[PDB]
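Once you know that position 95 of the sequence shown is 95 in UniProt numbering, the rest is easy, because the numbers rise by one and skip nothing.
Note that CB positions come from ideal geometry on N, CA and C, so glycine has one too.
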Amino acid sequence: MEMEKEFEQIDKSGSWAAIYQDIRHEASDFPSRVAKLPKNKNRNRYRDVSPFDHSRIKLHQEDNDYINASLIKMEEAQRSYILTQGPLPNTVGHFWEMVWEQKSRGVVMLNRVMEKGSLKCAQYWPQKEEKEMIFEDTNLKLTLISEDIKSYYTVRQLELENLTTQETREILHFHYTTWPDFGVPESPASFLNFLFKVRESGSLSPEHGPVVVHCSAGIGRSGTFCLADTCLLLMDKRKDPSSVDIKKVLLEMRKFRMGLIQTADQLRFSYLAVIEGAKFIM
Ligand SMILES: COc1ccc(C2=NCCc3sccc32)cc1
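Structure below.
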């Protein structure tokens with residue numbers, strides 16, 4: 001079926017939970033043996049969210065190459081994403097090592113450091129120009145260059161230096177700051193505006209390594225971001241845009257990381273975002 005009228009048919013019939021449970025039943029199951037080794041326990045935020053072995057990002061280290069991060073490679077859309085958990089106190093150096101090694105231009109953050117009165121990720125970037133951060137375990141230096149605070153999101157320019165080679169690179173930090181502590185946004189308009197700002201920066205384009213995107217577990221809000229982006233790109237590329245099937249795209253993405261889209265409300269919000277986004281494109 002088309003998307004907008006399939007949408008109204010699920011709303012009128014109140015069957016979002018049943019649709020979402022079908023997706024959970026059909027989703028791929030692949031091994032995640034490296035994630036579950038005992039030496040990696042303090043590298044995982046949640047015991048039930050792990051990268052598959054076949055698609056995990058490897059650190060370029062011979063001691064321990066493990067990080068909780070997955071490469072989502074969308075063949076028809078010609079787009080790639082790295083989805084990862086919010087960094088932990090003992091993995092902030094690994095996180096920036098990955099950004100460096102994978103040649104990423106942009107980092108997309110969809111959570112606040114504290115939500116619901118608890119810490120959802122480490123404070124992993126510097127908040128003042130004159131107070132830079134050094135990650136001694138991976139030999140990287142990170143400096144805040146500029147910050148632009150808007151009503152729904154903040155964009156930061158950062159300098160990452162590899163202290164071993166003295167090479168430097170400019171990284172863009174795109175921070176969506178207004179996702180509610182509970183539920184999903186009422187309108188997709190600010191989320192879509194944010195997605196378009198990431199696109200306009202070049203951070204999603206083939207002349208760079210894959211964008212790094214995260215929330216707390218790296219599957220819920222993060223899944224919504226890449227699902228909406230890929231569906232809109234396919235609607236622009238195909239002769240028949242009404243052939244794009246958001247449930248089929250989500251199942252394709254779940255071949256590369258488990259659990260993408262965590263609730264039926266996140267599934268409905270993803271439909272809403274693609275539907276409204278397709279009107280603005282034209
Ligand atoms: C031994 O070094 C460690 C540092 C931090 C942690 C974590 N702190 C916050 C919550 C969670 S979940 C998984 C690891 C953590 C664990 C080990």
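Rounded Cβ spacing between residue i and residue j (contact assumed at less than 8 Å)
i, j, result
"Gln-85", "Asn-68", "5 Å"
"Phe-225", "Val-213", "6 Å"
"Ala-264", "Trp-16", "4 Å"
"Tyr-66", "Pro-210", "That belief does not hold up - the Cβ atoms of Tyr-66 and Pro-210 are roughly 18 Å apart, past 8 Å."
"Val-107", "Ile-171", "6 Å"
"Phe-269", "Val-184", "4 Å"
"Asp-181", "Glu-115", "5 Å"
"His-173", "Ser-104", "With 8 Å as the limit, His-173 and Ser-104 do not qualify as a contact, their Cβ atoms being about 11 Å apart."
"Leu-163", "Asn-139", "5 Å"
"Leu-267", "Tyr-46", "Their Cβ separation, rounded to whole angstroms, is 20 Å, which puts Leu-267 and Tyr-46 out of contact at 8 Å."
"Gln-102", "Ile-57", "7 Å"
Neighbourhood of residue i by C-beta, 7 Å cutoff - its chain only, sequence neighbours within 5 removed
i, result
"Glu-129", "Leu-144"
"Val-274", "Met-3, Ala-228, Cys-231, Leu-232 and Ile-246"
"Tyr-124", "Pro-87, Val-92 and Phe-95"
"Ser-32", "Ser-50, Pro-51, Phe-52 and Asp-53"
"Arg-169", "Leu-160"
"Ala-217", "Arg-45, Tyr-46, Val-49 and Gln-85"
"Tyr-271", "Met-3, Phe-7 and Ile-246"
"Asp-137", "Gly-93"
"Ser-222", "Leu-83, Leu-110, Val-213, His-214 and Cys-215"
"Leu-250", "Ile-23, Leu-227, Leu-260 and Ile-261"
Neighbourhood of residue i by C-beta distance below 8 Å, restricted to the same chain and skipping five residues each side
i, result
"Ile-219", "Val-49, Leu-83, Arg-257, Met-258, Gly-259, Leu-260, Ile-261 and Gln-262"
"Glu-252", "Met-74"
"residue 324", "Missing from the structure shown is residue 324; the chain here goes from 1 to 282 and no further."
"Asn-44", "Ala-35, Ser-50, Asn-68 and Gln-85"
"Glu-167", "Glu-161"
"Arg-238", "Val-244"
"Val-113", "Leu-119, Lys-120, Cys-121, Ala-122 and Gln-123"
Contact set for residue i: own chain, Cβ-Cβ below 6 Å, skip 5 residues either direction
i, result
"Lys-255", "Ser-28"
"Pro-241", "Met-235"
"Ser-55", "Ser-70, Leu-71 and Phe-256"
"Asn-90", "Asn-42"
"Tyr-176", "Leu-110, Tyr-153 and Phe-194"
"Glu-276", "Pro-188"
"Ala-278", "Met-235"
"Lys-131", "none"
"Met-133", "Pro-126 and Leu-142"
Item checked: Contained beta strand (DSSP E) runs [length at least 3] in the stretch 139-189, N- to C-terminal order -> For the stretch 139-189, whole beta strand (DSSP E) runs of length 3 or above, ordered along the chain, are 140-149, 153-162 and 167-176.
Note to self: If we require 4 or more residues per run, which alpha helix (DSSP H) segments fall completely within the stretch 77-116?
What the structure shows: Fully enclosed alpha helix (DSSP H) runs of 4 or longer: 92-101.
Item checked: Touching by the beta-carbon criterion (3+ pairs, under 8 Å), the stretch 183-191 and the stretch 48-65 -> Result no; under three Cβ-Cβ pairs closer than 8 Å.
Note to self: Check whether the stretch 192-211 and the stretch 148-163 are in contact - that is, three or more C-beta pairs closer than 8 Å.
What the structure shows: As far as the Cβ criterion goes, the stretch 192-211 touches the stretch 148-163, which means the pair count is three or higher.
Note to self: Could you tell me which whole alpha helix (DSSP H) segments of length 4 or greater appear in the stretch 185-227?
What the structure shows: Runs of the alpha helix (DSSP H) spanning 4 or more residues and lying entirely within the stretch 185-227 occur at 189-200, in chain order.
Margin query: Quick check on the DSSP output: what are the complete beta strand (DSSP E) runs of length 3 or more inside the stretch 30-78, in order along the chain?
Written below: The stretch 30-78 contains these whole beta strand (DSSP E) runs: 56-58 and 66-74.
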